[PDB]
Amino acid sequence: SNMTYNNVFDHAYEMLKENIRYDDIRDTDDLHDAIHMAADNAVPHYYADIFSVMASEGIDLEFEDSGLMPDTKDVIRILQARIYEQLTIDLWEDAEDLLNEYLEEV
Amino acid sequence: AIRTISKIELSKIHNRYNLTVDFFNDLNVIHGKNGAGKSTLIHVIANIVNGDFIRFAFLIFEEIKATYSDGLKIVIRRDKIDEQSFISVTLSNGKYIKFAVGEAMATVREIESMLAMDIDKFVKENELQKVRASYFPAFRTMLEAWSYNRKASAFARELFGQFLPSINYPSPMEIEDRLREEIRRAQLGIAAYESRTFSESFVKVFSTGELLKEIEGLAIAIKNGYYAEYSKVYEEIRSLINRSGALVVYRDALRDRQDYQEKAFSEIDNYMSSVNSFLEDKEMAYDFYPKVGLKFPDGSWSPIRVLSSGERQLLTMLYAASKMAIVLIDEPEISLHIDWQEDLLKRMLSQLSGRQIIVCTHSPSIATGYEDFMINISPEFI
Amino acid sequence: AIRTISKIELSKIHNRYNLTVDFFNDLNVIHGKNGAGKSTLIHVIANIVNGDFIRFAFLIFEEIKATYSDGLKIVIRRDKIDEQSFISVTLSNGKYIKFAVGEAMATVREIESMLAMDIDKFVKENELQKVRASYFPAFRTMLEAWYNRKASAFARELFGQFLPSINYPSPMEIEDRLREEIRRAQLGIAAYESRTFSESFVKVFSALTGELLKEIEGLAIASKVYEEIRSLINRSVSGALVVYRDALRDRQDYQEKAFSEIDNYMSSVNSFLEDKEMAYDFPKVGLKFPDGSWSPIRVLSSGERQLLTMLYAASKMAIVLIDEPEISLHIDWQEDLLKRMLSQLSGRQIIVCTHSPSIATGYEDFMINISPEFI
Amino acid sequence: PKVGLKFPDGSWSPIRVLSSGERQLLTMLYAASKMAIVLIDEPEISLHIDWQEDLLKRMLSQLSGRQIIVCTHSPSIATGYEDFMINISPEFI
Ligand SMILES: Nc1ncnc2c1ncn2[C@@H]1O[C@H](COP(=O)(O)OP(=O)(O)OP(=O)(O)O)[C@@H](O)[C@H]1O
């Protein structure tokens, strides 16, 4: 029916797990680019889905870092950048235990 | 709810008195003067129903019996062996758990987890968390002081003892942010239904004068969307109307847009009507980023800081009644005029139907119209 | 139209030699052996054209004359009086600025700004930055080692402070740039989808042959609603069909216009490469072997990496100064590099300095042989 | 001690002033002296034709009694020892 923020975050979590499993990211330095690699293929690209994800709970609509927000008049790119920033913020919390699970996997 | 509370028997709680209260499945208006242990009884119920029996390790008692409607009996006893107290939580199903008080105290100072996992396994394998009870404390001004907040539970357990349950109650300084977030999220939901309606109506159009008149009436029908470009496409539709099957599809799309427009804001319009039912000569509304606040018949706007403790109690109680099982309210008569105390239960019973509503009030003005539900507490001193 | 450089005269540069070079309007192919001062001329041109006159305080010379195409002459002299060196930048129009060498050295060690602002005011009030020249260094493997902004300080650390500003892309940055451009083009397509939806909604509401329907069915290719539209097409009203066909044609045209810049760069790269094709299948960007196997852009040899770093920095482009484009290249690529870059970079002054004459095939009339007249 | 470049005019300059080919010759002729099997990859980087026709002869004067395997793209390295050329073509599958 509709796509929420939790489904997008689960898809990004699955993509980050797949990137860690495939590319063999061992520390946070490689994971700083792996998180963007997982996030930029999981962001919605049908407009409706974007607004449905942004209209759901769990994710705020303001930038804690004003410099991370791009300087443009495209509103949908601003909301997509907010999605990317919130996804990076929420995945950096789980990055440590994902790294620990990968270390315990091998 | 399913397992409503039928009868609770507390024996020698705090070594002072015995108390046995029978509850109905419906409203339970407990009326009694301060010092009756009403607050204690509410904390006992909230620490029984919501599966947080570990807080009973911080309570001095002899025998606590809780009977639900279906027939489940919970017997809690505090017995000490070799200078160490053990709490025995014996259910009617056959299983029973026992644990040391000092182990729970050490676990609580650890939070400052084996027993917590044991309690979770016990309440999960016996299914003791079917019905969750919400706790409305009588000290919600303290929750306004440390402005749902999660450190407020630790503050209240710090100054009221560790028997106090989890505190999940909204402050006046949090519901403003919650209302602003919900209004903007509903506007974004309207914009997403606009884009879905556009794609679906494109597919459906790809496949009388009354339909044109209905489209002209629906063109005129704040509730403006966040994506104003779709409001401009609607302006262009109104301009074209000013200048068969596809017209039927257009009419259906406009009708669905109007219906979703009403449905997105209906929950907050219900909460606003619930607030404005009490308030006179002052309207709380969301006039325009969304601004939420008071309005006057003079047209002046004002922040939510002018509100009195009475109106703050109504805001914090009507928001925490709309956002809802068993509901336990402690002292709803605080800082309220007598007419609002008369109509408060009728308003909350109109907005909270289908759940066991237990209220504890010191003023009998709260219990008008429900005098058959008035259970009078009486401490039987040991 | 553009102030191209016509003739540069260097007198007693490094107290070693005199050099006077006349340039054509396009394709200045300087050919000479090592030690002839080619890069000593490219650095001078890049420090004259782009307004970087402060680098001339780090150069030992006697007289430097720069003549443009319109007739503007810039004469730079390094004269020292009473143990203090002064650089006199005298323009042909009458204006002239002078400054102490030690003041500029102190300003440069300060960056490690009054004179910098004075130089900026001098080059802004005379309009010396109409044409900006891009510099392709001969040490681009060092740029692969570390556009990067610290590379200027690293290269000036190990090549001296006369060296101009280094703005050149590494392979792992053209990889990041291509991935960013593909993501931006996908976002552009999606926004054109929603704009097309709203405008076609309005136009179909404004509306109230089988060949047009057949053309619309043929033009359908695959983004989810368009698949349903193609499925419905597979299973009076002429104006709405015309609107549908125009919307589909505009969607296809916008997809081509969004991807045309990267399809041009991919075609330019895959023109040289033979047993390996570079493409952007799904975003991962990399090689595509004829077996269908994929490989990262790290498998490429030094030759192919030089072609990647030169074709991207020619597509993302005035005056272009290329130093030694024959590095690590086979002879056929040396034969075809100038023809490919002249086909892809038209309308600018292409100055190249090569040690191998194989680069200058087919343009032998443009081969200007440099010769240092040692004092 | 001070190692540098002496121009015929008598001026003295540091080793920063060398071009790309002179830097390649400094890095190549020094590691050839402090030497087994020598595997050289692309010795023709930034060298004109006259130095490419003699670099292999000079390094063979430096390296005697050792197996030399070089790989080049320009055939000007291969002159003077043209009987030792091994053309290579991969066998694709
Ligand atoms: N500070 C200096 N910077 C550069 N060259 C200097 C300097 N001092 C003396 N020279 C000499 O001036 C000449 C110019 O060297 P340069 O690197 O420009 O020549 P090139 O062989 O044409 O260059 P490249 O190999 O980079 O194309 C050389 O003979 C060099 O030894």
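Up top you'll find the structure we're talking about.
(A) Expanded view of the overall build of chain D. Of the regular secondary structure elements, chain D holds three helices and four strands. Taking 12 Å as the expected radius of gyration for a compact globule of 93 residues, we find that chain D reaches 16 Å, considerably beyond that expectation. In terms of overall dimensions, chain D has a C-alpha envelope of 60 × 25 × 25 Å along the principal axes. Buried positions account for 24% of the 93 residues belonging to chain D. Seen as two clouds, the 8 positive and the 11 negative side-chain charges of chain D have centres 18 Å apart.

(B) Main features of the overall build of chain C. The secondary structure content of chain C amounts to eleven helices and 15 strands. Relative to the 2.2 N^0.38 estimate, which gives 21 Å for 375 residues, the radius of gyration of chain C is 27 Å and therefore markedly larger than a compact globule would have. With respect to the principal axes defined by its C-alpha atoms, chain C has extents near 90 × 45 × 40 Å.

(C) Highlighting the interface of chain C and chain D. Across the boundary between the two partners, chain C contributes 20 residues, which contact 21 residues of chain D. Interface area for chain C against chain D, summed over the two sides, is near 1,400 Å², with a carbon-plus-sulfur share of 49%. Contact with chain D buries area across many residues of chain C, yet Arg16(C), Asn34(C) and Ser328(C) alone supply 35% of it, more than any other trio. There are one salt bridge connecting chain C and chain D. In this structure, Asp9(D) and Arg16(C) form a salt bridge, with 2.9 Å as the shortest nitrogen-oxygen distance. Counting every contact that joins chain C to chain D gives six residue pairs in polar contact. For the side of chain C that touches chain D, the element with the highest residue contribution is helix α5 (residues 151–159) of chain C, accounting for three residues. Of the residues contributing to the side of chain C that touches chain D, the split by class is seven nonpolar, seven polar and six charged.

(D) Structural view of unusual backbone geometry. Residues and elements named next belong to chain C. With phi around 55°, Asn15 is a residue other than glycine that occupies positive phi space. Here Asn15 falls in the partly exposed class, since its relative accessible area comes to 45%. Of note in the backbone geometry, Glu127 takes a positive phi value of approximately 60° without being a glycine.

(E) Spotlight on the interface of chain C and chain B. Counting residues at the interface gives 16 residues for chain C, matched by 16 residues for chain B. If one sorts the elements of the side of chain C that touches chain B by residue count, helix α6 (residues 171–207) of chain C sits on top with nine residues. Per-class residue counts for the side of chain C that touches chain B are eleven nonpolar, four polar and one charged.

(F) Geometry of the arrangement of the chains. No other pair among the four pairs of chains in contact exceeds the contact count of chains C and D. At their nearest point, the C-alpha atoms of chain A and chain D are still 27 Å apart, with no contact between the two. Taking C-alpha atoms as the reference, chain B and chain D come no closer than 49 Å and do not contact one another.

(G) Fine view of the sheet that holds strand β8 (residues 133–136) of chain B. All names here are of chain B. Taken in spatial order, the five strands of this open sheet run β8-β12-β13-β3-β14, and their pairing is parallel. Where the open sheet ends on each side, the last strands, each with one partner, are β8 and β14 (374–376). Within the sheet, the average angular offset between the axes of one strand and its neighbour, ignoring direction, is 20°. Bridge count between β8 and strand β12 (residues 326–330): four bridges; the pairing is parallel. Across the sheet, residue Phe136 finds its bridge partner in β12, namely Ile329.

(H) Region of interest: the side chain of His43(C). Residues and elements named next belong to chain C. Mapped onto the elements, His43 comes out in helix α1 (residues 38–49). Among the polar contacts listed, one links the side chain of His43 to the backbone oxygen of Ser39, at a separation of 2.9 Å. Separated by 3.1 Å, the side chains of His43 and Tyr135 make a polar contact. Each residue touching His43, except ones within four places of it in the same chain, is listed here: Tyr135, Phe162, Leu163 and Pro164.

(I) Highlighting the sheet that holds strand β6 (residues 84–91) of chain C. Residues and elements named next belong to chain C. The strand order across the open sheet formed by seven strands is β7-β6-β5-β4-β1-β2-β15, and the pairing between neighbours is antiparallel. Every interior strand has two partners, whereas the edge strands, β7 (96–100) and β15 (373–374), have only one. In the sheet, strand β1 (residues 5–13) pairs with strand β4 (residues 63–68) via six bridges, with the strands oriented antiparallel. If you follow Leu10 over to β4, its bridge partner there is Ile64. Sitting on the sheet, α1 touches β1, β2 (17–22), β4 and β5 (73–81), and the angle it makes with β1 is about 115°.

(J) The packing of helix α10 (residues 302–315) of chain C against helix α11 (residues 331–344) of chain C, seen in detail. Residue and element names in this part refer to chain C. For the pair α10 and α11, interaxial distance at closest approach is 10 Å and the crossing angle is 15°. Between α10 and α11, the angle falls in the class roughly parallel. Crossing geometry of α10 relative to α11 is assigned as right-handed. Residues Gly303, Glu304, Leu307, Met310, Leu311, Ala314 and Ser315 of α10 touch α11, and the partners they reach there are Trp333, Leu337, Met341 and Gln344. In terms of residue class, the contact of α10 with α11 is made up of seven nonpolar, three polar and one charged.

(K) How the structure looks around the pairing of strand β7 (residues 96–100) of chain B. Relative to β7(B), strand β6 (residues 84–91) of chain B is paired through five bridges, and the arrangement is antiparallel. Of the residues in β7(B), the one forming a bridge with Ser88(B) is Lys98(B).

(L) A look at the site of the ligand. Close to the ligand lie 15 residues; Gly35(C), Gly37(C), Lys38(C), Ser39(C) and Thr40(C) are nearest. Proximal residues around the ligand fall on chains C and D, making this an inter-chain site. At 3.2 Å, a side-chain N or O of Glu324(C) approaches an oxygen atom of the ligand. Between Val17(D) and the ligand, the recorded distance is 3.4 Å, taken from a backbone N or O atom to an oxygen atom. For the ligand, whose unbound accessible area comes to 630 Å², protein coverage reaches 79%. Considering every element that reaches the shell around the ligand, the biggest residue donor is α1(C), with three residues.

(M) Just a negative patch on the surface, in detail. All names here are of chain A. Together, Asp23, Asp24, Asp27, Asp29, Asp30, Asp33 and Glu105 give the surface a local cluster of negative charge. Here the negative patch takes three residues from helix α2 (residues 28–39), the largest share from any one element. Looking at the element boundaries, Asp29 is found in helix α2. The class of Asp29 is exposed, set by a relative accessible area of 60%.

What counts and how
- Residues numbered from 1 in each chain as written, not as in the entry; some residues may be left out.
- Chains lettered and ligands numbered in written order.
- Part of a larger assembly, values for the part shown.
- Heavy atoms only, no water.
- Residues with missing side-chain atoms left out of burial classes, pairs and counts.
- Helix = DSSP H or I, 4+ residues; strand = E, 2+ residues; numbered from the N terminus.
- Rg over C-alpha atoms; globule rule 2.2 N^0.38 Å.
- Buried < 20%, exposed > 50% of the residue type's maximum accessible area, 1.4 Å probe, protein only.
- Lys, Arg positive; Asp, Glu negative; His and termini not counted.
- Charge placed at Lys NZ, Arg CZ, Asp CG, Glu CD.
- Contact = heavy atoms within 4.5 Å.
- Buried area = accessible area lost by both parts, 1.4 Å probe.
- Salt bridge = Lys/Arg side-chain N within 4 Å of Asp/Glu carboxyl O.
- Polar contact = N/O pair within 3.5 Å; in protein donor to acceptor, adjacent residues only side chain to side chain.
- Nonpolar A, V, L, I, M, F, W, Y, C, P; charged D, E, K, R; others polar.
- Pairing = 2+ DSSP bridges.
- Axes fitted to C-alpha atoms, helices over the stretch in contact; angles between N-to-C directions.
- Parallel < 35°, antiparallel > 145°, perpendicular 65-115°, else oblique.
- Left-handed = near helix turned anticlockwise from the far one by under 90°.
- Near = heavy atom within 4 Å.
- Areas by Shrake-Rupley, 256 points an atom, 1.4 Å probe, with all protein chains shown as cover.
- Patch = residues over 30% accessible without salt bridge, like charges linked within 9 Å, V, L, I, M, F, W, Y side chains within 5 Å.

Fair warning: the whole summary comes from geometry, so function is off the table for now.
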